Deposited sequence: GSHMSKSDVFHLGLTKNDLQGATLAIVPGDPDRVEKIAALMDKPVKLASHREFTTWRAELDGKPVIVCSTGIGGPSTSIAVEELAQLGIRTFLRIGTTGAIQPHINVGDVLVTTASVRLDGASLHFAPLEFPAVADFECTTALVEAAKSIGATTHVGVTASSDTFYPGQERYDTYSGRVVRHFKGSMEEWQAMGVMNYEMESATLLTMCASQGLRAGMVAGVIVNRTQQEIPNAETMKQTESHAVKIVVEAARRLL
């Protein structure tokens, strides 16, 4: 292995330069299955990697695990191996009334509620997605007729307090985040997820292209099939980025 965590060698990628990075290890195979000659490369910790062909071009699929920390490791090590483009496919919770479960969301930029993005650029730097990847994702979504929403996403280091959930053990939310969801709502933020801030920031500040798309599995103001459409959309986007 040429990297510390992924257990992958440069040759394993066979010249691949684009990677689809879902958060859940169990989704890696599903994504690879939509492409040609899918093969499992490695599985260590929360990092599962598969290789496949798209239009005769080798493509990588690697899980990041939940959170910016594990995400930064995967992205960094994949970059060390030649990957220059990253497309994240995730699951998300909508916080706007007009957005419905099943809808697909494309992130233009993210509210940085994480700590890892700060290890690449100060807070004033935008966690913005690459224009080409965003475009590809939008078109891909349109190509299959999925109800899509494009905009800002709140990327949190926590699933609970950071997303102002009170149905918890403590049933309490620290002051900084109390009343925070309502604030994001009034600002037009579409959803909550946990890896885009780190992904977009570290990529945008290091010459790497990144895109972000997620399927709505829940709406805070009010599933397997939704994941399916989002997966197709990201593979279709990758195709347009090759």
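Could you sort out which parts of the deposited sequence are absent from the coordinates (no C-alpha) and give them as ranges from 1? Missing C-alpha atoms (numbering from 1) occur across the ranges 1-6, 229-236.
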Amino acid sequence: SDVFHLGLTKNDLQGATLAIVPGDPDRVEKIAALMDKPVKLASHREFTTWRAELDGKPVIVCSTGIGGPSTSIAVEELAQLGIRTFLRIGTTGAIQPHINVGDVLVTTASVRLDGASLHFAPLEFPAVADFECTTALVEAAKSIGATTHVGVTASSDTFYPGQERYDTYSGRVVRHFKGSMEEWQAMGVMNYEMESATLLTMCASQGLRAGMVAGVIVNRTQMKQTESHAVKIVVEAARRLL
From here on, numbers count along this sequence of modelled residues.
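Could you check which stretch, 172-180 or 49-57, carries the larger mean CA temperature factor in the entry? Per the PDB entry, the higher value belongs to 49-57.
With reference to the PDB entry, specify whether the mean Cα temperature factor is higher for 15-23 or for 226-234. Result of the comparison: 226-234.
According to the deposited entry, which of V189, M35, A197, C62 has the largest Cα B-factor? Among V189, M35, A197, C62, the highest C-alpha B-factor in the entry belongs to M35.
Among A210, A214, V28, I66, single out the one with the highest C-alpha B factor in the record, please. Result of the comparison over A210, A214, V28, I66: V28.
Splitting the chain's C-alpha B-factors into thirds, which one does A146 fall into? Its C-alpha B-factor, which the entry lists for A146, ranks in the highest third among residues of this chain.
According to the PDB entry, is the CA B factor of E139 in the bottom, middle or top third of its chain, that is, lowest, middle or highest? It belongs to the highest third of the chain when residues are ordered by C-alpha B-factor.
Quick one: classify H98 as lowest, middle or highest third of the chain based on its Cα B-factor. CA B-factor rank for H98: highest third.
Comparing against every modelled residue in the chain, figure out the third that the C-alpha B-factor of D114 lands in (lowest, middle or highest). For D114, the deposited C-alpha B-factor lands in the lowest third.
Going by the recorded CA B-factors, say which third of the chain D130 sits in, lowest, middle or highest. According to the entry, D130 has a C-alpha B-factor in the chain's lowest third.
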